[PDB]
Amino acid sequence: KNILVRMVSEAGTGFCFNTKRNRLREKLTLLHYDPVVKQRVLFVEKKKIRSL
Amino acid sequence: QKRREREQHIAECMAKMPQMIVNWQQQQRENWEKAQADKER
Amino acid sequence: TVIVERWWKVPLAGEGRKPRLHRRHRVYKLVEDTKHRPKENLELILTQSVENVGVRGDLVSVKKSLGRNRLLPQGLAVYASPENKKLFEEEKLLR
Amino acid sequence: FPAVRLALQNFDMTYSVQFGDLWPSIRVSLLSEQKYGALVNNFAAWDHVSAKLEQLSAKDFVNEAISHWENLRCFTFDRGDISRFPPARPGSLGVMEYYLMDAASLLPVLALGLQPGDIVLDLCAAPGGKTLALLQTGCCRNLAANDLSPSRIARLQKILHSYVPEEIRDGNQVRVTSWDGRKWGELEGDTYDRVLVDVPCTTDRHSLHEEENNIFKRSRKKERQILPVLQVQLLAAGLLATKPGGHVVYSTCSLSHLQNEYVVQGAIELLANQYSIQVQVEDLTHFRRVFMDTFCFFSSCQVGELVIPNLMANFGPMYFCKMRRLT
Amino acid sequence: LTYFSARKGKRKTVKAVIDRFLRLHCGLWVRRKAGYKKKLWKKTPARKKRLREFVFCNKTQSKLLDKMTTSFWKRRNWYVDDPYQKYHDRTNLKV
Amino acid sequence: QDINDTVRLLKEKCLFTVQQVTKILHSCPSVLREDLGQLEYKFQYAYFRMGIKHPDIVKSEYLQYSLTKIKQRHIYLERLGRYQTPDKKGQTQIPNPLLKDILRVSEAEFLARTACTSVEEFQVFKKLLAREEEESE
RNA sequence: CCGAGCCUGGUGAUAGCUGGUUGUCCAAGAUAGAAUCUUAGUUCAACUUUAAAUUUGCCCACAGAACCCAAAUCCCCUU
RNA sequence: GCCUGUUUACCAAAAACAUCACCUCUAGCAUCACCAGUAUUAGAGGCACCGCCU
RNA sequence: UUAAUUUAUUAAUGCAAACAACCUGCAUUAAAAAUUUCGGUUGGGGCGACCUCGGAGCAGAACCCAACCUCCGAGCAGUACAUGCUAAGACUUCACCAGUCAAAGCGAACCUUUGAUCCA
Ligand SMILES: [Mg+2]
Ligand SMILES: [Mg+2]
Ligand SMILES: [Mg+2]
Ligand SMILES: [Mg+2]
Ligand SMILES: [Mg+2]
Ligand SMILES: [Mg+2]
Ligand SMILES: [Mg+2]
Ligand SMILES: [Mg+2]
Ligand SMILES: [Mg+2]
Ligand SMILES: [Mg+2]
Ligand SMILES: [Mg+2]
Ligand SMILES: [Mg+2]
């Protein structure tokens, strides 16, 4: 199944956004727009929010 | 103090950011190249 | 002692008025039972030599059970009141 | 009355008579856990995954079978061993390294005799398993798979996205339709060279496992009763679609002699009278001896091969019959 | 609601209304959209934008809320930096 | 307290007569060592799932045997179909094998006469049942 | 007058149920969707009544409204 | 249905309830019942006198 | 009663409290109880099935509708991680709740199946 995860910005900001990834799939690292920084920055998966 | 701590941490991370992005993209591309190499066998 | 607390807050009564209690104000939760508190010690001044405690005129922290059951009832010790402390201080300085 | 208990009652009243003294062993094997084989994805790092499984101590029973029988690689543990396979994970190439599937749901594929450059049909087989096994056979073979159920077709699409790469999946090499197998005989005829007809069955093990949509529930009595007619019609349609001299494999996940031998015999009769087409049942006794090490087979079955579940190898049930259309 | 309280004889306010709706003095009621904080990960950006909005109530909804609140909640409030100060009055309205 | 609660579990929550309790204690005092809860589970396994009654549970020292062994043999028999839980009427289609034939005998005769199966199959079933119990708990 | 006595009180219990609801005269006044532990009820809508503000409202001739492959309906210049 | 008895005062007197007989379970004991008793006792439940064949 | 909620009370234990008895408090397990409920559709009952949403029949030509009913599938999957932010004007499952579309603008790049409030 899929799990909702909290991608947390690697830019030092507290900005986090939620994505969906397969449980069997590896932890996610993804480029995403940082509104506070106003630039695309890397985000890393921190913790599993739920299992959907 | 909290505001300046946030500002300096953001500045440091921004300084590291382009290198990190380039390294991550290079890692993705090299993983793809390894996949094609495995396809070649 | 059982110490209880209202679940439901009582509305303020005022200055000279008395609070008006309703059915919901009789619902209590036990916040503590004092009997389950850790035991403390009683301060006493000895009057006669007693084994493993002291000799005479020395302030001693004894278990409340011993102080109230053996020392005080038998006269072997007296309460560490300011008056008793002063009297035994005068005894010490007169010896 | 749970449908699981109803299925147990029916199996006790029928398969006991069918199997005599082997019924207790079959019953305990069914009621115990199922042994899963690991079919490596030919579209991934097959050598690396095979080495990993061999480290996990599984052996490719398929590998040391074709030598005597005469690309598929399914690793299964030795007899008696109950070790589980690690859950499948995406590979380096971006596809799932292996599929954890019933090893018995692979003998129909290996018995169909997939020759290079042969057109392949999956008449109704759309739960995965056999379909993915057929796909992971060669890069020069065209296959079309059909099933009435849109949900099962979507399940096929999901597993194909997981295992088959986009390059192979998008091309005409794979053709996924959702029409009716019964009307397939009129949609096409004498078109396919190798056909696999995995009719809906009582799926005895899953019937005893899962209460949901159990075929033995009181609601689905009509479906369970019309199952023989549907199976005969589907097998006849497959024999019609296959070319003269072509090969079909009738497959079932049931122990029922009714659904195993009477189905093929009635299909032969109906398609030789209503259509005057002759079909010959090919022997698979060599197949039985080849795979005796990995599976336990019921010998009293006159036509076809029945892999029965055993505690040593809890791989059944699986009945498969190879049929060559002589006309 | 309570039309005549047992202690004062006054009409009472349904506090569920106060916890949920803002009354603009002209007679408009503002509210949030239901589900605006629920399962945002499965909602489209347009739907989320619609849900994040402050929304006016019907005439009949407004009448119901007016009945369910007392006149205290319908007074002029001159808050210091009220974000709704401009919205408290209607302009260029014909009938 | 341990002895008293064992006896009280045997009498109240298990409905054993005083004489039956004395007989159990006399035959196998390991019951006292065995913890509560586990003992109740063993007794209810004998009573409900196995369909055994107090006189038989006392006669054949069922409480002496280990719960793991009891389940290993009983579930094997049941899945083989040679053992059937008695119905609401307390009847079965086929008479069940006796508790002496199930638990008292060794594995050899147990698999040769009662189960009529193979030792290898029994070992595989035992490992499978161990996995099932571990996963359940 | 006991599947749970009798009396008093809480008590003017509660009743989406039944029954009843008293001068004269005039006027406007009709079947209708949704939700509901809901279909013996209710709330919203529709209709209805009163008062008020304002300007268009109804009818409709053309023109116009889909491919797959009938009767009519919608819409609105005039009138 | 063993029997004599009992029961729905006011539509049922019975095959129902009780009953001797038997069985099962519980209890090792004092100053308010049981009981001023003590296992041949006491309390509870079942069954149906009895007698035979297994 | 193997419906839900309790264990105030007794009875056992356990831990504290008072120095074994007795007693207080807090727990756990029981006994005895106590309080409360009985969704909807289908001549009734048994066994059912269904209850929300979406697609098709089922409505020939705006909409709405043949409820009851027939078949199918969804409680998602894949993709992207601007698949962002804002904002005129509109639609709407005949109420509301909810649900849709969207110009212009800003910013990055250069989409195809459900559930409110409270409470955490
Ligand atoms: Mg005052
Ligand atoms: Mg009277
Ligand atoms: Mg009244
Ligand atoms: Mg009139
Ligand atoms: Mg409700
Ligand atoms: Mg009603
Ligand atoms: Mg008589
Ligand atoms: Mg008489
Ligand atoms: Mg009478
Ligand atoms: Mg009479
Ligand atoms: Mg429809
Ligand atoms: Mg609308």
Side-chain angles (χ1 to χ4, degrees), chain A residues 1-2 5 7 9 17-22 28-35 37-43 45 52, chain C residues 1-4 27-39 63-66 68-70, chain D residues 1 3 6 148-162 166 169 178 217-221, chain E residues 16 19-20 31-39 41-53 55 57-64 93-95, chain F residues 1-9 11-13 15-21 36-37 40 48 54-55:
Chain A
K1 304 187 176 183
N2 309 149
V5 291
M7 305 291 301
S9 192
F17 74 114
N18 307 343
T19 56
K20 296 190 290 180
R21 68 176 178 85
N22 284 36
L28 184 60
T29 300
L30 179 65
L31 263 175
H32 185 91
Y33 159 59
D34 196 337
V37 176
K38 193 68 174 67
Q39 179 192 334
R40 284 177 167 178
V41 302
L42 292 173
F43 283 67
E45 198 275 331
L52 62 94
Chain C
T1 73
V2 166
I3 304 175
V4 290
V27 192
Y28 307 134
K29 40 181 163 190
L30 188 144
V31 301
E32 198 189 22
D33 193 355
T34 299
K35 72 166 57 72
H36 302 314
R37 279 222 203 98
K39 292 186 176 70
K63 283 163 46 58
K64 284 178 159 300
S65 55
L66 271 296
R68 298 212 219 89
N69 292 329
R70 293 221 302 104
Chain D
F1 290 101
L6 297 176
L148 196 52
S149 294
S151 54
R152 306 213 105 186
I153 297 299
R155 185 172 293 171
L156 285 179
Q157 295 282 17
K158 293 179 179 179
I159 63 165
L160 290 172
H161 269 262
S162 296
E166 293 177 350
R169 190 173 59 256
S178 190
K217 71 181 44 178
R218 293 182 183 174
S219 85
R220 287 152 66 100
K221 291 180 179 179
Chain E
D19 283 17
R20 288 173 170 83
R31 62 176 186 86
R32 301 284 275 158
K33 283 208 77 77
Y36 79 100
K37 278 195 315 301
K38 299 296 291 181
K39 295 184 286 294
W41 57 270
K42 64 158 53 181
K43 286 167 169 53
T44 70
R47 185 173 174 184
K48 276 141 64 169
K49 168 71 154 56
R50 278 193 296 274
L51 284 174
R52 280 185 278 104
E53 265 164 6
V55 159
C57 298
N58 279 117
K59 178 190 175 178
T60 72
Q61 297 173 346
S62 298
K63 198 75 184 65
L64 179 81
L93 191 149
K94 273 70 178 174
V95 180
Chain F
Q1 310 309 331
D2 303 334
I3 311 182
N4 182 220
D5 63 42
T6 309
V7 165
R8 207 186 321 108
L9 180 89
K11 286 183 181 178
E12 276 75 0
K13 305 192 188 72
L15 273 70
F16 274 117
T17 70
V18 171
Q19 186 173 355
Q20 283 164 342
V21 172
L36 310 186
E40 202 169 4
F48 298 116
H54 306 93

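Labels below follow one simple rule: chain letters A, B, ... track the order of the sequence lines, proteins then strands, and each chain is numbered from 1. Computation of the quantities below employed the complete heavy-atom set of this structure, encompassing side-chain atoms and omitting hydrogens, waters and symmetry-equivalent molecules.
Comparing I/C85, I/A17, I/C96 by their nearest atom to the side chain of C/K39 picks out I/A17. Closest approach to the E/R50 side chain among I/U100, I/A116, H/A27 is made by I/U100 (side chain taken as heavy atoms from C-beta onward). Among the nucleotides H/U26, I/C81, I/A18, the one closest to any side-chain atom of A/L30 is I/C81.
At the heavy-atom level, E/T60 lies under 4.0 Å from the strands shown only through sugar-phosphate atoms. Using a 4.0 Å heavy-atom cutoff across all strands shown, F/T17 reaches sugar-phosphate atoms only and no base atom. If you check every strand for non-hydrogen atoms under 4.0 Å, E/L51 touches sugar and phosphate atoms only. Among the atoms of the strands shown, only primed sugar atoms or phosphate atoms (P, OP1, OP2) are found under 4.0 Å from some heavy atom of E/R52. C/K35 comes within contact range of at least one nucleobase, with a heavy-atom separation under 4.0 Å.
Summarising the geometry, the separation between CZ on E/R47 and P on I/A102 is reported as 16 Å, rounded to the nearest angstrom. Distance, F/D5 CG to I/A30 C1': 14 Å, rounded to whole Å. Atom CZ in A/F17 sits about 6 Å away from atom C1' in I/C81, given to the nearest Å. Summarising the geometry, the separation between CD on D/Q157 and P on I/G78 is reported as 14 Å, rounded to the nearest angstrom. Residue C/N69 contributes atom CG, which lies 14 Å from atom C1' of I/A17 at whole-angstrom precision. One atom, CG of A/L31, and another, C1' of I/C81, lie 9 Å apart when rounded to the nearest Å. Between the P atom of I/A82 and the CD atom of A/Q39 lies a distance of 13 Å, rounded to the nearest Å. In this entry the distance linking CG of D/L148 with P of I/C71 reads 14 Å, nearest Å.
H/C10 makes up no base pair with any nucleotide shown, lacking Watson-Crick or G-U wobble contacts both under 3.5 Å. If you check I/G73 for Watson-Crick or wobble pairing at under 3.5 angstrom, you find it paired to I/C53. Remark: I/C23 base-pairs with no nucleotide in the shown strands. Criterion, Watson-Crick or G-U wobble with two distances under 3.5 Å. With a 3.5 Å ceiling on both atom-pair distances, H/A30 lacks any Watson-Crick or G-U wobble partner. Under the Watson-Crick and G-U wobble criteria, each requiring two contacts below 3.5 Å, nucleotide I/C106 is paired to I/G84. The partner of I/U9, taking Watson-Crick or G-U wobble pairs whose two distances both stay under 3.5 Å, is I/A31. Using Watson-Crick or G-U wobble geometry with both donor-acceptor distances under 3.5 Å, I/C94 finds no partner in any strand shown. When Watson-Crick and G-U wobble pairs are counted only if both distances are under 3.5 Å, H/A48 pairs with no nucleotide at all.
For G/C69, the sign convention on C1'-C2'-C3'-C4' gives a south pucker, since the angle is negative. The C1'-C2'-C3'-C4' torsion of H/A15 is negative. Its sugar is therefore classed as south. Using the sign of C1'-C2'-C3'-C4' as the criterion, G/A32 falls on the south side of the pucker cycle. Using the sign of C1'-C2'-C3'-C4' as the criterion, I/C38 is classed as a south pucker.
OP1 or OP2 of I/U113 has not a single side-chain nitrogen or oxygen of E/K42 nearer than 4.0 Å. The side chain of E/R31 contributes an N or O atom lying less than 4.0 Å from OP1 or OP2 of I/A98. For A/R40 and I/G107, the shortest distance from a side-chain N or O to OP1 or OP2 is not below 4.0 Å. For the OP1/OP2 pair of I/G78 and a distance below 4.0 Å, the side-chain nitrogens and oxygens of A/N2 include at least one atom meeting the criterion. Between D/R152 and I/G73 there is no side-chain N or O to OP1 or OP2 distance below 4.0 Å. In terms of phosphate contacts, A/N22 brings a side-chain nitrogen or oxygen within less than 4.0 Å of OP1 or OP2 of I/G78. One finds no side-chain N or O of D/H161 lying less than 4.0 angstrom from the OP1 or OP2 phosphate oxygen of I/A77. Residue D/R218 has no polar side-chain atom (N or O) positioned under 4.0 Å from OP1 or OP2 of I/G46. OP1 or OP2 of I/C81 has not a single side-chain nitrogen or oxygen of A/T19 nearer than 4.0 Å. For I/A87, one of the phosphate oxygens OP1 or OP2 lies less than 4.0 angstrom from a side-chain nitrogen or oxygen of E/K49. Close to I/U100, at under 4.0 Å from its OP1 or OP2, lies no side-chain N or O of E/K43. A close approach under 4.0 Å does not occur between any side-chain nitrogen or oxygen of A/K1 and OP1 or OP2 of I/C76. Remark: A/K20 is not in phosphate contact with I/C81, judged by side-chain N or O atoms under 4.0 Å from OP1 or OP2. Side-chain nitrogen and oxygen atoms of E/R20 include none within less than 4.0 Å of the OP1 or OP2 phosphate oxygen of I/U117.
C/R70 is not listed as a side-chain neighbour of C/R68, based on a closest heavy-atom distance of 4.5 Å or more. Residues A/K20 and A/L52 have side chains in contact (heavy-atom distance under 4.5 Å, counting atoms from C-beta outward). Between A/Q39 and A/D34 the shortest side-chain heavy-atom distance does not fall below 4.5 Å.
Of the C1' atoms belonging to I/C118 and G/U14, the separation is 30 Å, rounded to the nearest Å. Rounded to a whole angstrom, the distance from the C1' atom of G/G33 to that of I/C64 is 11 Å.
Entry note: I/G14 and I/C26 meet the pairing test, Watson-Crick or G-U wobble at under 3.5 angstrom for both distances. Between I/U112 and I/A77 there is a Watson-Crick or G-U wobble pairing whose two distances both come in under 3.5 Å. Pairing between I/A116 and I/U41: absent (Watson-Crick or G-U wobble, both distances under 3.5 Å). If you check H/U26 against H/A42, you find a Watson-Crick or G-U wobble pair, both contacts below 3.5 Å.
The salt bridge (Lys or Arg N to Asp or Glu O under 4.0 Å) test applied to E/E53 returns E/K49, not counting sequence neighbours.
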request  = Using Watson-Crick or G-U wobble pairs with both distances under 3.5 Å, give me RNA chain G in dot-bracket, 5' to 3', with [ ] for crossers and | for pairs to another strand.
outcome  = ................................((((....))))...................((.......)).....

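When all heavy atoms are compared, the tightest approach of E/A16 to E/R20 is O-NH1, 3.1 Å.
By the 30° and 60° cut-offs, the orientation of the rings of A/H32 relative to A/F17 is parallel.
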key: Derivation of the side chain to side chain contact (heavy atoms under 4.5 Å, CB included) call for A/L28 and A/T19   = CA-CA 9 Å; A/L28 184 60; A/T19 56; 3.8 Å; yes

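The six-membered rings of I/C76 and I/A77 are stacked by the 5.5 Å centre and 30° plane criterion. Judged by ring centres under 5.5 angstrom and plane angles under 30°, G/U11 does not stack onto its neighbour G/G12. Both conditions of the stacking definition, centres under 5.5 Å apart and planes under 30° apart, are satisfied by the base rings of G/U54 and G/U55. For G/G29 and G/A30, a centre-to-centre distance below 5.5 angstrom together with a plane angle below 30 degrees is not found for the six-membered base rings. In this strand, G/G16 does not stack onto G/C17; the six-membered rings are not both under 5.5 Å apart and under 30° in angle.
Side-chain atoms of D/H161 and D/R169 include a donor-acceptor pair closer than 3.5 Å.
Taking 3.5 Å as the limit, the base of I/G25 and the side chain of C/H36 contain a donor-acceptor pair of atoms between them.
Taking 90° from 0 as the syn/anti boundary, the base of H/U8 is oriented syn.
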